[PDB]
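Below is one structure, written out as structure tokens, with a few remarks after it.
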Amino acid sequence: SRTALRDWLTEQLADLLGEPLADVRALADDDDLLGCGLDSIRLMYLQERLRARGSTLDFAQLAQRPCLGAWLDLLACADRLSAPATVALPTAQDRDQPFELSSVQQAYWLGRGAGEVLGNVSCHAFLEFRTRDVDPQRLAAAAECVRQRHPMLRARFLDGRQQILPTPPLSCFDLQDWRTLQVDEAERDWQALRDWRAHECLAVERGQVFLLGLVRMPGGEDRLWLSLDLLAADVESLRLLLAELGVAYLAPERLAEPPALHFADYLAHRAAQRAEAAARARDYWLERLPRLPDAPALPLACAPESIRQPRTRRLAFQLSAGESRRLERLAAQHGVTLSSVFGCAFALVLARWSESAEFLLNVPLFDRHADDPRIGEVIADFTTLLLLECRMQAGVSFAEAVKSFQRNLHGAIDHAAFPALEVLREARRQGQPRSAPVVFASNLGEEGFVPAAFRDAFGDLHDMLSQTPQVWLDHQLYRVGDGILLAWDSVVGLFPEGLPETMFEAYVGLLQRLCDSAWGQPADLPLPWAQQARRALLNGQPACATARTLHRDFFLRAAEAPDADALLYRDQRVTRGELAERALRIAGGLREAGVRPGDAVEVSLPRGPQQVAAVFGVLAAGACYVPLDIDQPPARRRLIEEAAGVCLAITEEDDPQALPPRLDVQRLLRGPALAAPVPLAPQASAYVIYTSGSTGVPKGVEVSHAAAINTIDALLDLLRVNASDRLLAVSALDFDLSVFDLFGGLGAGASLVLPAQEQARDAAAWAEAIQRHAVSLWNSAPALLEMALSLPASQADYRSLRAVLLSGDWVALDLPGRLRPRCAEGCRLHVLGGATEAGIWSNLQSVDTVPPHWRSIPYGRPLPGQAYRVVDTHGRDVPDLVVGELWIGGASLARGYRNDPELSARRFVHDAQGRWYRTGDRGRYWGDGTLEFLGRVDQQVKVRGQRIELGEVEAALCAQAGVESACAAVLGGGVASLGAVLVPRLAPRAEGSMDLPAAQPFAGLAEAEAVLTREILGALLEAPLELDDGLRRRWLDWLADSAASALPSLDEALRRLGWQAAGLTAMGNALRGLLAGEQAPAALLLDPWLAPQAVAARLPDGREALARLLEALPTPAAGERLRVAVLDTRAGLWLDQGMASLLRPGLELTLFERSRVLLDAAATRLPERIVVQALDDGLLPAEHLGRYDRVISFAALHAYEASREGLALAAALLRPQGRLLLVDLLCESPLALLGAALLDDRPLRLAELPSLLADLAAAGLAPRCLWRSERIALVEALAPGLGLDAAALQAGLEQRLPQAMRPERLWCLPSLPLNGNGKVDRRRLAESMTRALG
Ligand SMILES: Nc1ncnc2c1ncn2[C@@H]1O[C@H](COP(=O)(O)O)[C@@H](O)[C@H]1O
Ligand SMILES: [Mg+2]
């Protein structure tokens, strides 16, 4: 009855809150009980009382609607609709026996071992307290009294089990009386004792789970301190050890009763009583296990595997009684537990310090749930560990975040019934390596953490430590005073030195603005202000530029000294006057050709003075130059000419009827000179560099003169570039480092040494050109300079080279090591950062030397006038050392992409901090404000210094007629090659019209294989212990079901199948060799008596199928070449049964496999004139696509994960109108079924013939089923015009990609592998291609 139930709940709440019964009855039905000071510890008690009343509700059901009315309306359902909690408990377990560990004690125990991830430590709490005088004889009594009073305080831990001893062999109390000492010595010795015993691994293996102790300081001070391994205790149990030590010190007679409910009795009861909720929670965790977030991805100075004996460092902050009150009142007004305030505020900090906002944290629940009320006096480890996934919402108030985090935590509390350790174990077994190495422990009992009976004897908690193993950062909370001690037991040296302090200072700041300001304020933290202060300096670097047309300065340097050498090229030179005139003639020719201000002009000239004159001439016509290599291939050039909206192209070719009108630079050099460059305002489009672009369409990066010249000035004024300098422009014109050579170098009036197009990658030409023109300035991607430095110092003298710019790709840490002894005195290497989209660069790390902690040469300070943010995936700045997305900002940015406003809005984003490029580079601001770049998260990679989007390479391969989809990756090995992988499209058909005469087989052959199974198993089942239990259970039954029952025959079977007693003897012995040699399972495929294809090739009349599959190969009678391939080679063992008439005169035959080792076992025995080709790590080298007039599959199509795998592979491998020849098991071969059992791989793979045909016709091949039917069916099928070939791909790549990004090696898969998100597995494919490089 509902009113009687509200009375019962009122009485439970009046107990659990301690409020009066009448006052609690006066709470309204919708009045929030967390809004009255209910918390989770009380609510699990109330929920346990409801469970004990048979009124079964989950904690989450009560907790998602935490008010009396909602509880009553849940309960009016549950008292008739919900399951009874009735379980037959074990009423006792034998009290001295080595009983099982609780799940969280198993975690601590396994974490105690030296080998485990961040292991080798206790899990102990250490507590320190102060007082003037206390008696050691009271304390030595008190410690041994509490060891005898509570079973768990003397529990030995061995071998994954715990044993309550009679009395432990080792003392409970460490008296350290030092009233003898000098204070300074005792205080340092205290620090030595503190450091030892607060990190000490307690001797739990000898039942010392806890050790009290007391230093007596010569300053007249007793530092009572307490080491307790939480293997023995909940921190709630620890504060009861404190209460009892308090009474046992003060008045030991008042210790009421040794609390009777022994911990083995509790674990037996609790495990059985949780068991259905644990199985229900297990279903929930299994459905989430591939979807768990990881560890909080915090900035680690060391890998957690690599610090061998982790000291905890405590950080702590006593929130005042007033701060606590303000959190408690706001928490109540916002309907949340005080633990959810702290857990949410901590998860916001962890989110803000993580590379991802989704992570686990290990939340130790209280789990004191047993029927005897004295369980709340027992001292065992009643913790149970909740693996809280939390998934912190960015861009919300804290009120929204804490309610979300509470509903998440409260929702997860029932799912803690399956313990966090078994979740993580099941993750490790499922190949999900995950851990929850950040702990969160709310210990908020209002009596105080240190209980009254102990505070009356000793000072309130002076200090403490955790030592939780596997755990980086143990965040406890305690009531201390009636305030709240926040503690972060971070691990020493795991994090960067400033970080846990800085992160905790931001956590305290967060909790204080939660005391002191309403929760409608953002959950998204400020940075720790000092981090934002540093970064606002480094971003705030002043413009350091005069906003002007980009060409202005060169035309000034020309007007100021017309005779000075502007360009040096192929051992001739061009003056600034000559170049300015040549440019202004081009400009006049361009205005004559209808080009006009901020309209755009392609420049596509071989590297040399006419190119430089043309870009200056475009700019001096007022136009935006759109550089492309002359090597840029015609279809790609048409994508760019189309996308750029380009007015004109300059190309040495005259063609006024091209896509843009295309012009001879030599004719534009006949043009009248403009008397000046056209006046452009600084913001006009200056260069549009066509970077590679991920949809396949290349992308024009439209950079204003202001933007370009802000980078250039910021760097000219740093290099101190002057008229005596000369630059080697190894920069290609469509790679925007050239824009600095071009308008920086000549704007300062330094000369440009240009390589010829003949010298575009030629280190020896650069070395000659540098030593010949005494080049002072280098500028490149470091791939080009490492190439230049690979010439010896005797062959390539760079001592003229005053200063060096390295850019746009990873500088190796030893490149300044190679470079400083090679280049000039005053070497001035600068490594520069930032993308095409940001003007020519955006950072500068100078490198006089590399300090050893650089893992890469960082992006330095931002260049003057431009800036970096590093952001979370929600746009807010990440804290220092945290990885986030590099946003380049400020005056240097490109205006956008030339005609892609939507991709521009995706990249050039606007924020309260101005305009930002959102690069997709990852990186982190170090504590010194330097910006370590950390590579890229996305499909964009660097090939020979140049930028490539793998999405472009893939799209340029999908642009092949015949490709369904593609993958690309830059590969491992010293070659650093770009690879790619193809799925062909199959041109499907439906082809059920089939005309196989089925009649050749007879049932006596399946009976004969049954008799041979009776021979082989009848012998090996004299020694069935050679097998495993799966082989035994199958083969003992199959000795009827596949060998004799309903399959009678004589040993004439063997004479019908064709193998005789020497064969059977080798089958039995080779199988014993497979079993007992430890080579399982793969050695099945290395022996002609073992393998499913080798047995099939004679036993099921696979030889009479082979007599037809060995035919359709006309080459010797044709007098002419036939190209043939085999998919199902394995160790070659079926070809060995056709070999002489298989290996026909005139033939090309190629072996393929899907492993190396089996094909190499084929090459070890088959004649080496046959061509050998791995499909290494699944992967077909594309040099074989469309090559073969005949393709073979043989007694292994079942072994492909679909027929559609092998059939698409065959269809790709076949030349058009060439033929597949396919034989496979459809019916059981009883002996191939032994082999299937030894692979332990399903004989359900053996197709029906209609299904084989439907899959094959879906793979587009037109079939005829020929012969040999249900034992082994020979199908041929004939290839459509799939249109792929090696040379056709190479030609289509040569049409659509420059030689920078055509894959130097190319492959195919019948489908791409998916990672666990359902996206293409570019890491597995990068590895697979790397393995396929050999
Ligand atoms: N010093 C560098 N080290 C490594 N990568 C760099 C460096 N400088 C620039 N990059 C990055 O390389 C990426 C590819 O080059 P980009 O074509 O300009 O986009 C960009 O996102 C750049 O920020
Ligand atoms: Mg770029």
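In the deposited numbering, the protein residues as written are 7 to 1340. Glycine included, C-beta positions come from ideal geometry on N, C-alpha and C.
Return yes when the C-beta of residue i is under 7 angstroms from any heavy atom of ligand 1, and no when it is not.
{"i": "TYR865", "result": "yes"}
{"i": "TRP816", "result": "yes"}
{"i": "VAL837", "result": "yes"}
{"i": "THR936", "result": "no"}
{"i": "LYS705", "result": "no"}
{"i": "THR925", "result": "yes"}
{"i": "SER786", "result": "no"}
{"i": "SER813", "result": "yes"}
{"i": "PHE746", "result": "no"}
{"i": "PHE914", "result": "no"}
{"i": "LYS1325", "result": "no"}
{"i": "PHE464", "result": "no"}
{"i": "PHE135", "result": "no"}
{"i": "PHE939", "result": "yes"}
{"i": "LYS948", "result": "yes"}
For ligand 2, is there any heavy atom lying closer than 7 angstroms to the beta carbon of residue i?
{"i": "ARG942", "result": "no"}
The beta strand (DSSP E) spanning residue i covers which residue range?
{"i": "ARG1221", "result": "1220-1231"}
{"i": "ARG950", "result": "No beta strand (DSSP E) contains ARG950, which DSSP labels as neither H nor E."}
{"i": "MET223", "result": "216-223"}
{"i": "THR318", "result": "318-325"}
{"i": "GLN1296", "result": "Per DSSP, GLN1296 belongs to no beta strand (DSSP E); it is in the alpha helix (DSSP H), 1292-1302."}
{"i": "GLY920", "result": "920-922"}
{"i": "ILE1176", "result": "Careful: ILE1176 lies outside any beta strand (DSSP E) and carries neither H nor E."}
{"i": "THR1019", "result": "No beta strand (DSSP E) holds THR1019; the alpha helix (DSSP H) holding it covers 1009-1026."}
{"i": "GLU25", "result": "Looking at the DSSP string, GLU25 is not in any beta strand (DSSP E), and its letter there is neither H nor E."}
Assuming residue i and residue j make a contact with CB atoms under 8 angstroms, what is their CB distance in whole Å?
{"i": "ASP1261", "j": "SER1209", "result": "4 angstroms"}
{"i": "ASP883", "j": "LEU356", "result": "The Cβ separation is near 16 angstroms, so there is no contact."}
{"i": "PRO299", "j": "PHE365", "result": "5 angstroms"}
{"i": "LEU887", "j": "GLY929", "result": "Not quite, the Cβ-Cβ distance comes to about 11 angstroms (not below 8 angstroms), so this is no contact."}
{"i": "residue 1345", "j": "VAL877", "result": "In the structure as shown, the chain begins at 7 and stops at 1340. Residue 1345 is therefore absent and cannot be evaluated."}
{"i": "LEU159", "j": "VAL215", "result": "6 angstroms"}
{"i": "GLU955", "j": "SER1257", "result": "Not really, about 41 angstroms apart at Cβ, beyond 8 angstroms."}
{"i": "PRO72", "j": "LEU19", "result": "That belief does not hold up - the Cβ atoms of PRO72 and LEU19 are roughly 11 angstroms apart, past 8 angstroms."}
{"i": "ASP803", "j": "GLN777", "result": "5 angstroms"}
{"i": "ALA1217", "j": "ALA1285", "result": "6 angstroms"}
{"i": "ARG374", "j": "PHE388", "result": "5 angstroms"}
{"i": "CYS1271", "j": "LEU1255", "result": "6 angstroms"}
Let's see if you can read the secondary structure: which residues bound the alpha helix (DSSP H) around residue i?
{"i": "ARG1129", "result": "Run containing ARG1129: none in the alpha helix (DSSP H); it sits in the beta strand (DSSP E), 1128-1132."}
{"i": "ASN905", "result": "Run containing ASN905: none; DSSP gives neither H nor E here."}
{"i": "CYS73", "result": "Note, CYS73: premise wrong, no alpha helix (DSSP H); not H, not E."}
{"i": "residue 1376", "result": "Residue 1376 lies beyond the stretch modelled for the chain, which goes from 7 to 1340, so this question has no answer here."}
{"i": "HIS416", "result": "404-419"}
Run through the stretch 664-752 for me and flag every whole alpha helix (DSSP H) of 4 or more residues, listed as ranges in chain order. You should have 671-674, 711-725.
Continuous alpha helix (DSSP H) assignments of at least 4 residues falling wholly in the stretch 240-273: 241-256
Under 5 angstroms, CB to any heavy atom of ligand 2. Which residues pass, going along the chain? After applying the 5 angstroms Cβ criterion, the set is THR697, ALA841, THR842, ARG953.
Segments assigned beta strand (DSSP E), at least 3 residues, entirely inside the stretch 831-884: 835-839, 849-852, 872-877
Residue ranges of each beta strand (DSSP E) within the stretch 1075-1132, 3 or longer: If we require 3 residues or more, the beta strand (DSSP E) runs fully inside the stretch 1075-1132 come out as 1128-1132.
Runs of alpha helix (DSSP H) wholly within the stretch 513-556 (minimum 4 residues, chain order): 535-545
At which residue ranges does the stretch 177-218 contain complete alpha helix (DSSP H) runs of 4 or more residues, listed in the order of the chain? 189-205
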